[PDB]
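> Turn this into a structure:
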Amino acid sequence: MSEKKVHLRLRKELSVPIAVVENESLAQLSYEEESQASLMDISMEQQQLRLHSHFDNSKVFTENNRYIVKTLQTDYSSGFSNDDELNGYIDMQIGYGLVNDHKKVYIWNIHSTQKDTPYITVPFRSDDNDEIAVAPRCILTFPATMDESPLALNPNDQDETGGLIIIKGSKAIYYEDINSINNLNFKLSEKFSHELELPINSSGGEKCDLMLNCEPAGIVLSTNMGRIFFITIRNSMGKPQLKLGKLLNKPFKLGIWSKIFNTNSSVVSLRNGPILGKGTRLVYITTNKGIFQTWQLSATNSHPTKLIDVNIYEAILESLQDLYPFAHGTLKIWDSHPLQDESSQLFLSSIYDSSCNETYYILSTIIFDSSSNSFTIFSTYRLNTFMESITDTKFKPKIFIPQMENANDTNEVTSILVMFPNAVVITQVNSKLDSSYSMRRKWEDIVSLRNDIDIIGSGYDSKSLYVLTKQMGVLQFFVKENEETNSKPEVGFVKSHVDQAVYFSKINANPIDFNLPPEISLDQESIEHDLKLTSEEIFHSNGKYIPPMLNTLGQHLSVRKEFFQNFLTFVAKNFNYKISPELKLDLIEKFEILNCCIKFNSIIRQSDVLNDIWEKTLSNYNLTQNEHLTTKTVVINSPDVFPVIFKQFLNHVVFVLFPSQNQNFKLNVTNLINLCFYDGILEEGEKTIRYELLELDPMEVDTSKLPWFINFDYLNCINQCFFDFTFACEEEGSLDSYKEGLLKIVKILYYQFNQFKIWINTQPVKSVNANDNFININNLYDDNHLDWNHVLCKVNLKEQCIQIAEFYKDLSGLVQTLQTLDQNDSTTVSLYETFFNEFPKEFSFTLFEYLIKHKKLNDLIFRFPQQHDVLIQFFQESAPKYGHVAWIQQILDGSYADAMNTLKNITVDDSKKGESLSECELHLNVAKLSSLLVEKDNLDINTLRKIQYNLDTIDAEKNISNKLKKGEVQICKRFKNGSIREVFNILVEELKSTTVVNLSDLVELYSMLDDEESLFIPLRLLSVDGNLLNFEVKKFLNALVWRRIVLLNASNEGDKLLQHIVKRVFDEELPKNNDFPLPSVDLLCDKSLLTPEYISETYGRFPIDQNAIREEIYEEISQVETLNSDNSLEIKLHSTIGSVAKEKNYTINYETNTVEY
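Numbers count the residues shown, from 1 in each chain. Next up is the structure itself:
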């Protein structure tokens, strides 16, 4: 974050005051906003017809191929009195809905217009109380008169209903009329009511739990104590006559099993099956014991028959307990609801698996066989929409099925709804009675309800479930044409949610939720496949509510933004790391380019003459796609690389701009550059920082990918444009005014190049050398960046150079900027110290280089006393760089070490010494004198000595050279003439010709033939220094000279040769140096030393023999051997050597003459 962000902040403050530009692009810019708005208006229209399959005061909140969820044209907000219990019940068999509270009961048409829809109110009695602080129970009864039910082609009543039955305390009051009830005194109203005392209280703890109409046969009601009262409430054909039919609750009466069972346990489900006619209805009884009874009610039947009387409580435990204990713990049967086949029931129960800590809700489809009280469990399905236990008895989850009874074979699958206080689960089952289809792995999707708006009641018919909510009234949860089984395929759970997020959160003010975090983990790849299918749907406008454009390419883009926003929020939040890094970044990269693209189109067209030329280049682009007709789909939706058709032209516009200006045309082009860049860069910039905690910052790249707006081509057009603008603006000295414009071009250029270096290095080494392309990126940056910084310093964006320097590296610039600023500002001292902490070699070393050049020697030593240790590194340079004035400064500072190393480079330059003779001699003097001024600061005292030595060295060189030129080299001893000369002559002549100096020729010539004035130094050197070379080396060389010396005295009779070499070494104390022998008989020892370095390779070049010269030497060693068997050689050595040893007092070991060491 750091670097980039801070730099930005500085950018705005400096640049923004002082800047005037001109340009007219206004006409097209405002016009594009209207036609972009109008595309979206046209597109918005086309969504309203398709989304909504009922819009009036109804408002469809989502739509799929298996359900449609919409509010009806009523709400249950307004005109009601909010009280502790809102109890709703929805009656679908009459069509009209009922909701009651503590003080009033409201019976309304629920398919009527307005939310201030007419509610038919009946105030309760103030004579019976049950408005105490609990709602009385109210339910409607079926009409059955006036042609067995009111005509509904004629508008008879608002609510075409029967009576209303109200239980207030312990008294059941049947009003047959809902509109003859006096709304003043209710003792009048009582005369047309029949009243009956129930032996329970509906405000006690024995309350009515459910009322269930099983008309025309009567009514069955349960309490929460397990007391079941069958009351037929009328004679038939209205007319009140509550008469207690029979108690169906008993303590499992009669002997020997009323003392073993009790049926005084609560029944959790009573449900209607079909009305067969003439007061017969099928009725299903499910208890928490998990006994199912199917009861036939009689009024045309001979006797009540129970068809099925089978247990299921312990049958779940013959497959979920016969292996693993995942049906262990609680098993509470909550509800049952009949399927389309009515001999089969679906059971809603839950288990708590404490081993996995999950709660599996279990749909067990059980097919019952009545002819022997049997069951077959057909399928079992786990809900995984909840894995935690709801144990609430104020809110029992219920299954609702809008089952068919009409045709069963309309659809091969029956929608099951699982009602929860915070969800409507919509799943799917199957029924074909075949052993070739899976009974598990079905489709489940989840439409979540917010927790403040909840279900107070419900009703269903045969295709749609009607759910009555708190303030949103009656929502019809329409089951439509769902896909039966797996044979008939569909979409997916993951897939579905993505469509919810994007498309259907457009419609607002609902209890319907549209962004859902995973409730159930699934692998990344499945999840990534669906996010990609949706992301192309938006992106090429092949959507399910996205039209591909009904205006131009430009107009198009605006609508997509609005869809892109919804998706983006959802993906980022919910699926953060349920996808890959590349995948997340791709989805943002298409949005970012898109925002830039809307602005882009809005602005590009500008003046009328430039608009036309925009079209012309654009027509050319389409025809290189293959064929043309003007406008392809490539330019319709965004390729993510939109400036690539106008761009070369714009670059060229800049190119013609600098040589020939056209006055107002300087400002006009500048403003255009400014505008686009501002728009584009701002968008881009800010989208990445959302994506700070979705991987990446704006100073990083990923390993496979960098952004798609960073590419060489863009950068080349931009970098080329700057320099032409700056010359023209400088020349006029209107430069200042464009200061904003100049900064923006450079900042984006730097940044893009820096992120590119980071990407380039995340590619293998082999690949870096395989691409010239990466190098061409690097060249484009490196030659031009120094110059960029310099232009910013002119327009007083020096502070900005500082930012540039930090973030992008440009440490030379950093030194320049900072020396302009005074230490008088407290912040300036600190600017240095901070960049020192951030860079301890890179900023300091370059800073030291800078200073030596800029003659700022006082600042180098004393102003930055804490980078000293790096400053010793600097001294170790071969030369610091500042020419031949550099070394001088270094002698002067007590920083001599840097200079000795410098002076070496001085003495090989023919332009620093060798200008002329006089100046040359002078320079040599100055170097010597400077050496004399070495103190103890730097121990260059040894070098001092070498500088002094050096004129004597040149003389030694020249000395020997002249001799060799005049045939100074002597003929080789070997034979009449020396072979070396045949080489020596050749080297002299070439150098005797007036031609160019041949360096090689002088080196070879110098050593090869040896002054006899220089033979003494080899003998001196081996005495003092020669034990370091190895005795055996030293002995060998010393023996060589000795051989020759003893090869002359033996030849004749006059010795005196022997002592001169012996006594000679005593003058300079050579024996005292130790291990130095005198001239003596070489013998065997000399021979052993001779053989190993036998080749001498000196004769190797020569064509004949090569080693033989060694054999000839062997012959020489042996001549000494032959003379020491004479022992007339020995007499000469002893007498000679010993005479000298009486003035020089040495001890002579005679017989092979050595000095005792």
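> which ones are touching the nearest residue to residue 1071 once chain neighbours are set aside?
The shortest distance from residue 1071 to any residue that is not its chain neighbour, by Cβ to Cβ, 6 or more residues apart in numbering, is 3.9 Å, and that residue is residue 1155. In this view, the C-beta of every residue, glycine as well, is placed from N, C-alpha and C. Taking Cβ atoms under 8 Å, 6 or more residues apart in numbering as the contact definition, residue 1155 lies against 1071, 1076, 1077, 1078, 1146, 1147, 1148, 1149.
> so can I have JSON lines of these showing secondary structure, distance to residue 1059 and neighbour count?
Formatted as JSON lines, the contacts of residue 1155 follow (DSSP: H, G, I helix; E, B strand; the rest coil; distance: Cβ to Cβ, whole Å; neighbours: other Cβ atoms under 10 Å):
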{"residue": "1071", "secondary structure": "coil", "distance to residue 1059": "14", "neighbour count": "21"}
{"residue": "1076", "secondary structure": "coil", "distance to residue 1059": "15", "neighbour count": "22"}
{"residue": "1077", "secondary structure": "coil", "distance to residue 1059": "14", "neighbour count": "22"}
{"residue": "1078", "secondary structure": "coil", "distance to residue 1059": "9", "neighbour count": "28"}
{"residue": "1146", "secondary structure": "coil", "distance to residue 1059": "11", "neighbour count": "20"}
{"residue": "1147", "secondary structure": "coil", "distance to residue 1059": "15", "neighbour count": "10"}
{"residue": "1148", "secondary structure": "strand", "distance to residue 1059": "10", "neighbour count": "18"}
{"residue": "1149", "secondary structure": "strand", "distance to residue 1059": "15", "neighbour count": "13"}
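> Closest one to residue 1061 out of these, please.
Relative to residue 1061, the closest of the contacts of residue 1155 is residue 1078; by Cβ to Cβ it sits at 6.9 Å.
> And the helices in the stretch 501-650 of the chain?
Applying DSSP state H, counting those that start in this stretch to the stretch 501-650 of the chain gives helices spanning 524-539, 553-574, 581-604, 608-623, 633-636, 647-657.
> ignore the last one, the stretch 851-1000 of the chain
With DSSP H, counting those that start in this stretch as the criterion, the stretch 851-1000 of the chain has helices at 857-862, 868-875, 886-892, 896-908, 917-931, 941-965, 981-992, 999-1006.
> could the ones you listed go into CSV alongside mean neighbour count and distance to residue 655?
Formatted as CSV, the entries for the helices of the stretch 851-1000 of the chain read as follows, by neighbours: other Cβ atoms under 10 Å; distance: least, Cβ to Cβ, whole Å:
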stretch, mean neighbour count, distance to residue 655
helix 857-862, 13, 44
helix 868-875, 14, 45
helix 886-892, 19, 43
helix 896-908, 18, 45
helix 917-931, 14, 51
helix 941-965, 13, 58
helix 981-992, 15, 59
helix 999-1006, 13, 52
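> Please name whichever of the ones you listed is nearest to residue 141.
Taking Cβ to Cβ as the criterion, helix 868-875 is the member of those that comes nearest to residue 141, at 99.1 Å.
> For residue 691, find the nearest of the helices of the stretch 851-1000 of the chain.
When these are compared by Cβ to Cβ, helix 868-875 sits nearest residue 691, at 39.2 Å.
> helices or strands up against the closest one?
In terms of contacts (3 or more Cβ pairs under 8 Å, 6 or more residues apart in numbering; DSSP states H and E), helix 868-875 is packed against helix 842-853, helix 896-908.
> make it 6 Å
In terms of contact count using 3 or more Cβ pairs under 6 Å, 6 or more residues apart in numbering; DSSP states H and E, helix 868-875 is assigned the packing partners helix 842-853.
> Let's verify residue 666: helix, strand, or coil?
Secondary structure of residue 666, reduced to three states by DSSP: H, G, I helix; E, B strand; the rest coil: helix.
> circling back to that earlier point, just the contacts of residue 1155 now: which is nearest residue 617?
Looking across those and measuring by Cβ to Cβ, the closest to residue 617 is residue 1076, at 95.0 Å.
> right, and the closest one touches residue 1070 too?
Yes: with contact taken as Cβ atoms under 6 Å, residue 1076 and residue 1070 are classed as touching, separated by 4.6 Å.
> Spell out which residues are contacts of both of the two.
Residues within reach of residue 1076 and of residue 1070 at once, by Cβ atoms under 6 Å, 6 or more residues apart in numbering, are residue 1023.
> So for stretch 356-375, what gets flagged as buried?
358, 359, 360, 361, 362, 363, 364, 365, 366, 367, 368, 375 (16 or more other Cβ atoms under 10 Å).
> Max pairwise distance over those: which two?
For the buried residues of stretch 356-375, the maximum inter-member distance is 29.4 Å, found between 358 and 368 (Cβ to Cβ).
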